[PDB]
Each structure stands twice: as C-alpha cells, then as structure tokens.
Amino acid sequence: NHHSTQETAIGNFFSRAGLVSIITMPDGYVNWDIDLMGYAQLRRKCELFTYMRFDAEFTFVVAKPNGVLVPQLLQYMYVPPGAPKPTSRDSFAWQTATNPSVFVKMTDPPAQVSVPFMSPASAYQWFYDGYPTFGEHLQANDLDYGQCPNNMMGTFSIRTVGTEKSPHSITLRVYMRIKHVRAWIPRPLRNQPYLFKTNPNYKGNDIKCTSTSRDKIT
Amino acid sequence: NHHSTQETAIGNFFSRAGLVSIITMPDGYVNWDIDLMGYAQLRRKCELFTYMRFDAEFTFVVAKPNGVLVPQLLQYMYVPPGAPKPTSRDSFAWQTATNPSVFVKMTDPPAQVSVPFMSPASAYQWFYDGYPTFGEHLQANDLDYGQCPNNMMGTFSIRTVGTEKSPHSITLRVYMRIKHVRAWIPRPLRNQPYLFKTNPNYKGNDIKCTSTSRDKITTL
Amino acid sequence: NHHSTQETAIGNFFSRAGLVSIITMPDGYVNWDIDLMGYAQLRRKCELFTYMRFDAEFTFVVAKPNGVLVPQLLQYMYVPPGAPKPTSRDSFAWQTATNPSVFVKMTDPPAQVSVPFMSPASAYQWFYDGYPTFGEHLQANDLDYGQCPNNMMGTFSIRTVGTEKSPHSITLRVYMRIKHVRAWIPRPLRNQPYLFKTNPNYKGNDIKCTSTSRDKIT
Amino acid sequence: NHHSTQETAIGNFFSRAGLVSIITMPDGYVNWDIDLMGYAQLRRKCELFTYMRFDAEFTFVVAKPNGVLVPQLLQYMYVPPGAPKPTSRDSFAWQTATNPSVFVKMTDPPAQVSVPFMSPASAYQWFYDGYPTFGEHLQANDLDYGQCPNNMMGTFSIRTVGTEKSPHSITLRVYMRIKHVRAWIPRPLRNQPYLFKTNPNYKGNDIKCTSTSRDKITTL
Amino acid sequence: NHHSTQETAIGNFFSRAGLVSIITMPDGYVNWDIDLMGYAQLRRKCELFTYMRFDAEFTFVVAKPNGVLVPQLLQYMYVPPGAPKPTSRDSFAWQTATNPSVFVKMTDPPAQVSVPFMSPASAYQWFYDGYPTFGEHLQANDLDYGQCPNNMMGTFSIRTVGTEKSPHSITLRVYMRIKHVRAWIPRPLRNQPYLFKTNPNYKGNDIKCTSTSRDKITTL
Amino acid sequence: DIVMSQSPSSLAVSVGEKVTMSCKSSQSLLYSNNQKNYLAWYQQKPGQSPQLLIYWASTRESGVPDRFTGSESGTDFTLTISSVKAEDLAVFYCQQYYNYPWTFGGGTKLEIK
Amino acid sequence: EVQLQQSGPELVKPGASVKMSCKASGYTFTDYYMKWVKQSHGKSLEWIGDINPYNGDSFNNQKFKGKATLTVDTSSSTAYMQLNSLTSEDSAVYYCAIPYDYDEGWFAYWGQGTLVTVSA
Ligand SMILES: CCCCCCCCCCCCC/C=C/[C@H](O)[C@H](N)CO
Ligand SMILES: CCCCCCCCCCCCC/C=C/[C@H](O)[C@H](N)CO
Ligand SMILES: CCCCCCCCCCCCC/C=C/[C@H](O)[C@H](N)CO
Ligand SMILES: CCCCCCCCCCCCC/C=C/[C@H](O)[C@H](N)CO
Ligand SMILES: CCCCCCCCCCCCC/C=C/[C@H](O)[C@H](N)CO
C-alpha cells in the first residue's frame, strides 16, 4: 500500500483554530482573566496528553451581539502577571509603554498575533497533583488544589478607545491555533461532561457510560 | 494549418465557475445538505463522463434578496459526514476546533477556498447501478437505488455570528470551479429536462425529440 | 537631430481607452447587442485603416445616473453568438457553466478583462463591399448591405444579482484599450458627421466642407 | 569634518509636494486653465532660477468644502492646447479616445500621475523679456508682455461622471512634486508680496524693506 | 546554561510604542507644541539614562471622543523651529511647499512616519544643569533653568482640510517607537510621581518611600 | 439644533385609497438612517418600520401592517401607504438618530390625517 | 408579543429627583434595548437616548429630563430615567419602547406613557 500517515501526525492534529473565549461588553472595558479551558471541544483535545509545549496564533473576531459591524475603534492589551491592571476606561495603564497592544477597528479583518511559549517550566501542564504553596492545608484552603502557578499567563484586557462612552455593544471571540507542538505522556480521554474550569469534578448522580447499551448479548 | 486544439481539452472545458446552490435565510442558521446536481447547466456538463476525479475552487457570493450589501458578520462551516451538526444559532458545534471554517463579512469580496478530492474511491461517479446496502429489497425501500455512499460529502452549514437575532435576510450563492480534472467513459448527453436531484427520471408524457422537426423530406 | 519617432507608431496611437457604450437600467436586466461603432471619437480612429487585428482590454465603470455609488452586487456575462440569451432577472442562463462572467460590487474599483482576437477571419474589417447571403436582392432586403457576419461577437448582458427587484438605477460605461495591433490598407478619413451605426450614410442637405472657407484668394 | 552636503542639493530642495491650485464646484464641470504660479510658497522657490527643466508628480486630493467624503464618482481629463474643450456635463469631449483621463471616486486614496517634460523649448522659463507675436505694440495690447507661448500647457477639466446633476459640492486640491530637476541662471529672490499670476507687478505705495529696521546704529 | 540575554539588551527594551500625547479638538486646528515628557510610563524609561541618541517611528491614531470613526479628511504638518506657524483653518502655511505633511482620512489605518535624529548636539539630553542664555539671573527669570535649546523640535499642527467648519470632534493619539538607540550614563530611577513637564519638582508634603514598610524587623 | 421636516401639513382625505409621505432628513452623517413611527391617538404605539434612505428599506413589520413601503432617490425620503378606513386615521412621523441604528433624538415633526 | 406595561403615571415635587419604572411584559429582561421618550404638549416629540445608560445622545441630557439616565434595577427590570425634576418645565409624558425580537431593536410594543406633573 501507499497510505500516507502525514495528516495523522501530532502537528496536523492540533493546527486548527478552536474557540477559547467569548468576551462581552453589555464602563466600556473588561479585564478577562486568562483560562483557555472553558470550552469543551478544544479542552478534550488538549487534555489527551499530560505535558504540551507549543507556540500559538491568536485571532480576535469582534462584532455586535447580532453580527452587525459598525465603525468602532478598539484596543486589546496583554497584561503579564505583575503588571498594573487598568481600572477605568482611561487609566494610566493604557499608555502601553511596556505591554504589547493591538489597535484595530471593528470593520477591519480580524487581527492576528503569534505569541511564543512563555512558561517558566519546560512545558505547559493541564494536570498538577499537588498544592502550589507550603503551610497548613485545612478545609477552607482547597481552592488551590491542582492550580499550578506556571500556567497563569496574566490577564487580557480590552476597551473602547475614546475617553467618552461609546453607544455600541461588543462581543469578542478569540480563536487559537497551535504551531510547533511537542507532547508527552498520553492520558485516557474524558467521557463525563465538564462542569468547571479548574478541576476535573463531574456530576456524581449521572454516570454517563461510554458505550450505548443494548438489550441482549447474542 | 495551424489551428490549435489547446482550448478544447478536458481541463479548459471544465474550468469555469458554475452555480451549484442558492442558500436562503428568510433562527438565522441553515444546514444545507450537499448535492451539487441541482442546477441544470453544470449538471449536463458533469454527466457527460461516467467517472470524474478533480479538485475544486468554491466561491461564496452573499447578499440580501435584492443585491444590497450591509455590514453583517457571517460564518460558514464544512461538516464532514459523522461530525456533530449545529442545532441552534449558538450550539456547541460552532467552536470549530476540528472543522474548517470561514469568517467573512457581507461587505468584503467573496470568499474562496480550495477543497481537495476527498472521496474514498478512486473517483467520483454520477451513475451507480446498484443498491448501497444488503438485505431485502421490497417496494418501500426504493429511495436508495442509485445512491452511492462515497459521494455524500457531509453538509455545509452557515449562520450569522452573534448570539442575538440579526434583522437581515441572507441569500448565499455558491460557485464551483474544477481544477486538475481526469475523466473516464463518456456517456450520451441528456435531452429531456431534469426533474429531481438523485435520479434520472423524466416526464413520460412529454417526450421532447432531439431534432426540431420539419414538414417534408425533400425540402429543408 | 535626435527626434524620436517612438510615440507616433501604430501601437502607441491606439492604446488609449475610449468610450464605446453607455448601458442604462432605468426588470433589472439588459441584453446589450455588441456594436463598438456608436461613439464618434474612437470610430474615426479605427476607420482610418481597412483591416485591423488586435486584442483588447475592456473596463466597466458603473455608477448611478448622478455619479453616486451605493453598494449593489452586479453580474456581467459575455454571451457568444449561439448561446441561450437570458430572458428574465433570474433565467437559467445566469448559471454560467459555459460563459465567462464577472461578479463585482458597485463600490469596488472598476473591473477589467482582457479579451483575445476572436474573429473567424484573419482580421476585423470595418468595411465590407458585399452581401452576407446569397439569393435574390430586392428592395426590402437592403438592411444587410455591408454587414459582415464575422464581426458580430454576440451580446453582452448585465443584471442585478438578487431574485427580488433592486431599487437603484444603473448606468454602465465601457472603455476599450487596444493592444498588439496590426493594421492594413489606410483609407481617407471622415469629414461628415455620423448618423447610424451600420452604414456610412451622411446628411445630403448639409455638405460640410473640410476647410473653413475665407473671403478672397490674395 | 564629515558634514554632508547631500540634502542641500538641487534635487532634494524641490522634491516636496506643494499646493498649486484649488478647484471648486459650488453645471457640475469646470475648465481650469493651467497656471501653476498662483500660490506664493512654491512660486517663490521656482522663481529662484530663470530656466528649469523637470518632470512632475501631480496629486489630486478631493473632498467636500468641510473635509467630509461621500461616495461620488469623478473624472479628470488633461486637455492639450488645441484639443476640443468640454462644454457641458456630457459633451462629446468626455469620450477621451485621445486625451488621458483618471476615473477615481472621492472615497478612494488620492490619485497620482507622472507627467513628463512637455515643452517645445529646452526648458521652462518663468521670465520672458519680450512679446510673443509680431506687429504693432500700442497701449491696448499690453496683456501679452512677458507671456511666452511655450509654457501654456492647455487646460485641465474635471466633472462628475453621471448625466444627471449630483447634489454634492467638490473642492479639488492639486499638489505637484518635482523630479529630475535641472536649473540655470539663479536670480534675486522676491521680497514684495505677489499680486497677480502673469506679471511681477507690486504695490507701489507699500515698499516692504527686506530687513526689519532698528532704532540706532551703535546698539541693536 | 543556555539562557539568552538577547531580549534584555538596550535596543529590545526601547522598541515598544508608548503614548506621548493626546491632542483634542473640541476653529478646527491646533498648534501642539512638542513635549514628549508628559506621560509617566515612557518618561520613567527614557529618564533612566542621561544622554540618548535614536531615530523614531511615530504613529497617529485618530478617532472621535468615543471611538467612533466617521469619514473626515485631516492633515498633519511638522513645523520646524523658525517656520511660520498656521494661524487659522486656512492660512498660507498650509500649502506645505517646504514642510513635510501627511494627508490621511479618519477611516484609514493609522499613519506612520520615520523621523531621524535631528538635534544639533550629539545626542538628546533629559537633564541640563544650567541656563540657556547669558545675562542676569534674578528671581523672575527662573522658567528657563534646565531648558536646553537643542531639544525643542518645533511644533506639530493638525487641522481639518476644508475651508468650511467640520461638525466632528477630533482626538489624536500619538505613539512613538525608538529604533537604533544608543545611551549613556545611567541615572537613579524616579520614585516620586510627576508634577510638570519641564522640571523634576515633587510634592514636598508627601515623601513616598520606596519600600512598602512593615511592622517589625524580626518578622515579615 | 439639527432638524428635519416632513411637510405634508394635513392629508385631509375623504375615505378612499391613495396617500403618500416625505420626511426629508438633513443630518450630519449620511449613511445610516432609518425612520417611521405610528402614534395612535386612543392607545399604544406601533412603529418600527425602517426605510434606509440610501439602500435597503424596511426591516418591515411581518405582521400588523405590511402595507407600509419604502423609498429611493439618494436624497433622503420616505414614501406611501395603502387604503385604510376610518380606523388608522393616525398621525405618522419619522424618527432620526445619532450614531447608529437604534432610536435616538431627532424624530421631530408629525402630520395629521 | 404581549403588552409592555408602565407604572401608574403620577406626580413629583419641583426639586424631588424621583425615578420612574415601566414594568416588563414578562418574556425577557435586559437583553433588549431601552428607549425613553419625552413630548411637550404642542405635539413636539423629542426623543431621549438609549440602551442601558447609553442615553447621552446629541445635545440633550440636559434640562434634567434624562438627567441621571440610570441603568436597570432588575426588580421591575425595565426601570431607569432618573432625573432632577426641575421647577415647572418637565410637564410631559414619558414612553419606554423596548424590542421583543421579530421587532428587531427598534420598537416592539410601548406603554401608555407616564405623565410627570410638575405643577408647583
Ligand atoms: C495581544 C495578545 C493577546 C493574547 C495573549 C495570549 C498569550 C497567552 C497564551 C497562553 C498560552 C497557553 C498558556 C496556558 C493555558 C491555560 O490557560 C492554562 N493552563 C490555564 O490553566
Ligand atoms: C468551507 C468549505 C465549504 C465547501 C465544502 C465543499 C467540499 C465538498 C466538495 C464535494 C465535491 C464533489 C463531491 C460530489 C458531488 C455531488 O454532490 C455528489 N455526487 C452528490 O451526489
Ligand atoms: C466579460 C467580457 C465582456 C466583454 C466582451 C467583449 C468581447 C468582444 C470584443 C469584440 C472586439 C471587436 C469586434 C468587432 C468590433 C465591432 O463591434 C464590429 N465591427 C461590429 O460591427
Ligand atoms: C491627468 C493629468 C492632469 C495634470 C496635467 C498637468 C500637466 C501639465 C504640467 C505642466 C508643468 C509645468 C509647465 C509650466 C508651468 C506654469 O504653469 C507655466 N509657466 C505657466 O506660466
Ligand atoms: C509628520 C511628522 C510629525 C511628527 C514630528 C516629530 C519629530 C520630532 C521628534 C522629536 C524626537 C525627540 C526630541 C526630544 C524629546 C523631548 O520632547 C524633548 N527633550 C523636549 O524636552
């Protein structure tokens, strides 16, 4: 045979732009914390392997709540962990002498950037059996179980540009491609549906069996 | 002579973008099944040969029902056979972590993609003398006569992007070019008009003769 | 001397885009028959020579009757002689599986195509001393005197794209350049004004003399 | 030292686009004659030298009287001296089978052309001590003193495209760059302000001295 | 180890476009003087070193006071020190036969230019211990202490293009990148907040200590 | 400040079939506008029927009256309705707006049937 | 589909700064786009601005008609248009016009309007 195994490799499997966030503005600014595990189709793929190391291509598709496009100037700003957050529509943090920023109208084609692998460890990890800090571990401290600090990539804050208040509503949709991917230690896939963003907890009253059951065996 | 025969070859005959579908949105989403044999001019050309193998260039020209263009964000998504279909304007299938998708405004120039030859067999076929499944073949099962499974390329679903309901009406027009074409086994062309999409059935009460008849035999 | 004779050659004389047609839509479709001898400035140039052989560059500038541009999708379709003509705004001939077609917005820059030399003879001819058919030539048959069949290049039909009726008015202006031109047998130029498209007939009651007359000879 | 003298040369001094005309349409067409000595900043530069030989880059920035831009199709046409002028909004001269022409909307970026050196002499001249014709020179004929015929480059006529009447107002602004410039015979610069386009006449009741005068000679 | 020290160099630290001015038009023209030390984030970076020598990339992002974009033609003009300033919406200085100028609509992408290092000295300096002129230095003359003349780069004036008055409001935002940078003599960084543009004066009643103080010395 | 005038003063109809309108905007921006309220005397207010002056009119009522129509001409105008009897003798008027397609200030002048 | 209601049209003191509410029909809340109306008695009807506080239209927001254009309170769920209620000018009626999807954005169904009596 001459069946090619090119388009089943690891790089071709992940290079598809999947939805990761929907950011809505119903003061004209938001401070969206970064968590790219909030949508189930890309999350089930990325949690096949334990450790993953990659770059990315983010794409910001922005429109009104019903797909209409009006001329409105926007500004996205990536905030690393430690930088001063913006507090109002016109704070001092929107000057962006240190942080990268994209200025794009709503009428333009959607913007694209290419972020690098920016983690302090060798690779990202979607599973972390342990606590990030030392000290006592009583009952009231169990928010941080399975919260590794080397995955929090700061926040990502958008705004409308002017110092007045714009009369339009904004819904941003962010899509992420994966380039130059290397993975390690594959895991069993998920069958129960997802409930939160930070933990694998499942609905204990509804154990969804994997195989659709039948009547007999013969 | 020096008459060239370049522009009568098989590749130059098929490389013209013909209309294949009109998709209308009078919940703001449609699930258009794929059938590219619904318009008679391209169908009479492609049914000259039995087997055909080609790539394609699809082009989506989108406007309102009277040609007016208004700024409206759309999304097309090609759904392979087996993938979960979208059910609402905002289902879980619009995340598109696996399926390819095009985001384009109505005000932009029309979008273009280049799909490859994606059939499990060696070539497409517009004629299939046989049934796809086994089993009994009684009277009530004769929808699938001449329905080969290796031509159904899934569906193609469009929507308006936002989670609210847009106030505009959408008519999409899809055009398909044919590149790198190889054909086999030419057939007699069609003379009766077309009636359906899946079978060659004709109007039995109106046998349209091929030649326009005259009065006598000794006078033209 | 070093006077250059480059920009007086045959190719540089004809490569200027001149107006050839004005197509107006006051059912939202027209079937404009081809005749490129309806405007006097390009016609006086092209009728200098008897036979001409060239390619062309057509350009379609489309606007409303007062120069305003509204978004409106259009479609041009070149119909060769023998092809089925369109009959309505949405006939079966607008599928264009065989004929070439241009889809362009009124708001876009004007479209351009490059047609080749498509005549059955060796060259076009603007003069034809003879009748195209055989048979009797009585008085009622004298429409076809000087009508050669190898110049009729079919028709050219435009429409608005949608199946409803658009509320805008369309005036198309077509301009034609001439590239790779070869000419033969120059003729005397025209002095009387033009009256029709298909024959050199002139106003017999107004013989316009060539030279503006003066009073005396000395 | 290593002080460069590159950006003080003749070519770098003239290659800046200066305003030369403002064309206003308050029948929807104008026939602007071409006189590029109607604005004082470029005129004081070009009248430093006697003879000048150059090509040019013209740029047409078009808007409404208050900078607003509406979608309106225009047409510029360069008319050489001798060609038939346009008389109405739709004359026979707008067919442009011989003259060059630019079709550009008001919403587009401004158009640019590159005209060559088109004078019958070796170079342009901004000064001409003499009369163009022969014959008697009485008092009533002194419009043509200092009017050389080899500088009149015909006219330049714009219009709105349609055969109806457009409801918008047009102000065109033309800017001219100078490329491949060669000059000859520098002259003293001008100190009095300009009064007309065709002659160096000045206000005889207001002799503006060059240097701003002071009070004494032993103190500044 | 193989830790790179590429992205901590001097060139990579300064090549980020920071905000330097906000120019508002609530007669349709402004004459914004040049002072690029009016915004605290870029000012704290550039005042790390004493002397700096660089080129720049300016970027003008222009919109209405609430981010809306309407079609409006603008014109920016860089005025060197000594050139005639514009006085009205249509003065004689807007002809720009000598000064560089940018014509760009509000609907376009933002304009970019690349200015060179244009100072008479070898490098810019943000600190100048001395007076620019000679003479007596009494109490009423202490505006010019620490005002070096080789940093004033003239002004920068914008307008709306038409001779009428436009009905829209303009807020310009200017961003400056730094390319090909060379620095000298690093200084201690600033801890007190900024109060003016031309002097390092601070609020003497609020001495902000650098380190956030704690309670004891033997516990954190 | 920035106004417009629909100028049929009274439609004065004897109970019949044909009648028309014209709103005539004079706004600053000239690409977006949509119009036409109802204002019954007795009770609550239908409306909503938009004619975009430049391009597509009506995002019409698919219900209640569909006999409202659209317009043309590039300059700003709105046009006719149908043959209604002694009920729906109401006072019709356009609305006008700042920035973009929601109902804002500027629906100034009315007309009486 | 069904009728948007208002509160009872009632009165106010020339310096009281009292709100008004226009209690919803019952289908949806806060996804629609609220519009507030003010007419003076000569049938001049000048519209006051939009969506949630998005009320600052072309010069207006000023005679204390529309002053404090507020956001929703979610109890009656279509309640804003707080004002200053100046002495003896704000005599008007006030309509709220919210959309219910098929009447996209513009005008689904209104109330009968709240008369504001400044008469002291
Ligand atoms: C202007 C650029 C804006 C976009 C900035 C995005 C850069 C950050 C990309 C992070 C790449 C994945 C990092 C980790 C992924 C998951 O969110 C974490 N595991 C969270 O638990
Ligand atoms: C984003 C891409 C959207 C467009 C996706 C189209 C890809 C599928 C192209 C199929 C090519 C022809 C396959 C068979 C043609 C006829 O429909 C079948 N014979 C049906 O009977
Ligand atoms: C999409 C393309 C549309 C334009 C199609 C135009 C192609 C035909 C060009 C014909 C070239 C000249 C042929 C003869 C010219 C004169 O019309 C004939 N002599 C008529 O008498
Ligand atoms: C479509 C092109 C339109 C623009 C056509 C402009 C071409 C003519 C350029 C002329 C160059 C300078 C010629 C002489 C300049 C002064 O006007 C004369 N001295 C007049 O006295
Ligand atoms: C069309 C171009 C418009 C923009 C023109 C800007 C060119 C001037 C750039 C100056 C570069 C920095 C010069 C000195 C910086 C500080 O303003 C001074 N130290 C002022 O104290």
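About the criteria used
- Residues numbered from 1 in each chain as written, not as in the entry; some residues may be left out.
- Chains lettered and ligands numbered in written order.
- Heavy atoms only, no water.
- Helix = DSSP H or I, 4+ residues; strand = E, 2+ residues; numbered from the N terminus.
- Buried < 20%, exposed > 50% of the residue type's maximum accessible area, 1.4 Å probe, protein only.
- Areas by Shrake-Rupley, 256 points an atom, 1.4 Å probe, with all protein chains shown as cover.
- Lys, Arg positive; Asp, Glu negative; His and termini not counted.
- Charge placed at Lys NZ, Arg CZ, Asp CG, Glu CD.
- Pairing = 2+ DSSP bridges.
- Axes fitted to C-alpha atoms, helices over the stretch in contact; angles between N-to-C directions.
- 1 Å grid on protein atoms, 1.4 Å probe; cavity = no way out; pocket = protein on both sides within 12 Å on 5 of 7 lines; lining within 4 Å.
- Points joined across faces, edges and corners; volume = space filled by probe spheres on them.
- Nonpolar A, V, L, I, M, F, W, Y, C, P; charged D, E, K, R; others polar.
- Contact = heavy atoms within 4.5 Å.
- Near = heavy atom within 4 Å.
- Polar contact = N/O pair within 3.5 Å; in protein donor to acceptor, adjacent residues only side chain to side chain.
- Core = buried A, V, L, I, M, F, W, Y, C linked by side-chain atoms within 4.5 Å.
- Buried area = accessible area lost by both parts, 1.4 Å probe.
- Salt bridge = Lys/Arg side-chain N within 4 Å of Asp/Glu carboxyl O.

- In the PDB header, cryo-EM is given as the technique by which the entry was determined, and 3.67 Å as its resolution.

1. Considering the overall build of chain A
Working step 1: Of regular secondary structure, chain A possesses two helices and nine strands.
Working step 2: For chain A, the α and β elements follow one another from N to C terminus as α-β-β-α-β-β-β-β-β-β-β.
Working step 3: Taken along the three principal axes of its C-alpha coordinates, chain A extends 70 × 55 × 40 Å.
Working step 4: Among the 218 residues that make up chain A, the fraction classed as buried is 41%.
Working step 5: In the structure as shown, chain A presents an accessible area of about 12,500 Å², 55% of it carried by carbon and sulfur atoms.
Working step 6: Charge separation in chain A, taken as the distance between the mean sites of 22 positive and 16 negative side-chain charges, equals 7 Å.

2. Brief notes about the sheet that holds strand β5 (residues 101-105) of chain D
Residue and element names in this part refer to chain D.
Working step 1: Ordered in space as β2-β8-β4-β5, the four strands form an open sheet in which the pairing is antiparallel. Of all the strands in the sheet, the pair left with one neighbour each is β2 (29-33) and β5. Strand-to-strand twist of the sheet, defined as the mean angle between neighbouring strand axes without regard to direction, takes the value 15°.
Working step 2: Relative to β5, strand β4 (residues 73-79) runs antiparallel, the two sharing five bridges. Looking at the pairing, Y76 lines up with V102 of β5.

3. With respect to empty space enclosed by the protein
Using a probe with the size of a water molecule, rolled over the atoms, empty space left in the structure can be pinpointed.
Working step 1: Of the volumes computed, that of the largest cavity is approximately 70 Å³.
Working step 2: Around the largest cavity sit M21(F), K36(F), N37(F), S49(F), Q51(F), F68(F), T69(F), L79(F), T80(F), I81(F) and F92(F), which together line it.
Working step 3: Taken together, the residues that form the lining of the largest cavity break down as five nonpolar, five polar and one charged.
Working step 4: What the second largest cavity holds in volume is close to 60 Å³.
Working step 5: As for the second largest cavity, its lining consists of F60(C), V61(C), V62(C), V104(C), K105(C), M106(C), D108(C), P109(C), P110(C), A111(C), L73(D) and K105(D).
Working step 6: Those elements giving two or more residues to the lining of the second largest cavity turn out to be β3 (49-63) and β5 (101-105) of chain C.
Working step 7: Per-element accounting of the lining of the second largest cavity gives the leading share, three residues, to β3(C).
Working step 8: Classifying every residue of the lining of the second largest cavity by side-chain character gives nine nonpolar, no polar and three charged.

4. Observations regarding the arrangement of the chains
Working step 1: A gap remains between chain B and chain E, which never touch, and the nearest two C-alpha atoms on either side lie 15 Å apart.
Working step 2: Between chain D and chain G there is no contact, and the shortest C-alpha to C-alpha distance separating them is 19 Å.

5. Some thoughts on the site of ligand 4
Residue and element names in this part refer to chain D.
Working step 1: In the vicinity of ligand 4 there are 13 residues, among which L36, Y78, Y124, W126 and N151 approach most closely.
Working step 2: Within the contact set of ligand 4, an oxygen atom lies 3.2 Å away from a backbone nitrogen or oxygen of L36.
Working step 3: Protein chains shield 91% of the accessible area of ligand 4, which is 600 Å² for the free molecule.
Working step 4: Here the residues of the shell around ligand 4 are counted per class, giving 11 nonpolar, one polar and one charged.

6. Here's the deal with the nonpolar core
Working step 1: By size, the foremost hydrophobic cluster in this structure holds 88 residues, and its most contacted members are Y76(B), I158(B), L172(B), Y76(C), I158(C) and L172(C).
Working step 2: Other than its neighbours up to four places away in sequence, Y76(B) contacts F60(B), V62(B), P100(B), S101(B), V102(B), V104(B), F156(B), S157(B), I158(B) and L172(B).
Working step 3: Residues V30(D), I34(D), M52(D) and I158(D) belong to the second largest nonpolar core, which totals 42 residues.

7. Regarding the site of ligand 3
Residue and element names in this part refer to chain C.
Working step 1: By nearness alone, 13 residues border ligand 3, and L36, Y78, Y124, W126 and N151 come closest of all.
Working step 2: Contacts to ligand 3 include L36, whose backbone N or O atom sits 3.2 Å from an oxygen atom.
Working step 3: At 3.3 Å from a nitrogen atom of ligand 3 is found a side-chain nitrogen or oxygen belonging to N151.
Working step 4: Relative to its free-state accessible area of 600 Å², ligand 3 is covered by the protein chains to the extent of 90%.
Working step 5: Tallied by class, the residues present in the shell around ligand 3 amount to 11 nonpolar, one polar and one charged.

8. So, the sheet that holds strand β4 (residues 73-79) of chain A
Residue and element names in this part refer to chain A.
Working step 1: Spatially, the four strands line up as an open sheet ordered β2-β8-β4-β5, and their pairing is antiparallel. Of all the strands in the sheet, the pair left with one neighbour each is β2 (29-33) and β5 (101-105). Strand-to-strand, the axes of this sheet are offset by a mean angle of 15°, without reference to chain direction.
Working step 2: Relative to strand β8 (residues 155-160), β2 runs antiparallel, the two sharing five bridges. Across the sheet, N31 pairs through a bridge with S157, a residue of β8.

9. Looking at the interface of chain A and chain B
Working step 1: Contacts between the two partners involve 24 residues from chain A, matched on the other side by 21 residues from chain B.
Working step 2: Regarding the contact of chain A and chain B, the summed buried area is about 1,800 Å², with carbon and sulfur atoms giving 55% of it.
Working step 3: The largest share of the area that chain A buries against chain B comes from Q41(A), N66(A) and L69(A), three residues that together contribute 33% of it.
Working step 4: One can count zero salt bridges joining chain A with chain B.
Working step 5: Scanning the region where chain A abuts chain B turns up eight residue pairs in polar contact.
Working step 6: Listing elements by their share of the side of chain A that touches chain B, those giving two or more residues are β1 (18-25), α2 (40-46), β3 (49-63) and β9 (170-186) of chain A.
Working step 7: Here the residues of the side of chain A that touches chain B sort into 14 nonpolar, five polar and five charged.

10. Overview of the pattern of salt bridges
Working step 1: In total, this model carries 13 salt bridges over all chains according to the counting rule given.
Working step 2: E57(B) is the partner of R177(B) in a salt bridge, and the nearest nitrogen-oxygen pair spans 2.4 Å. Taken together, the residues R177(B) in strand β9 (residues 170-186) and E57(B) in strand β3 (residues 49-63) connect sequence positions 120 residues apart.
Working step 3: Overall, the relative accessible area of 12% leaves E57(B) in the buried class.
Working step 4: Between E57(C) and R177(C) there is a salt bridge, with its nearest N and O atoms 2.4 Å apart.

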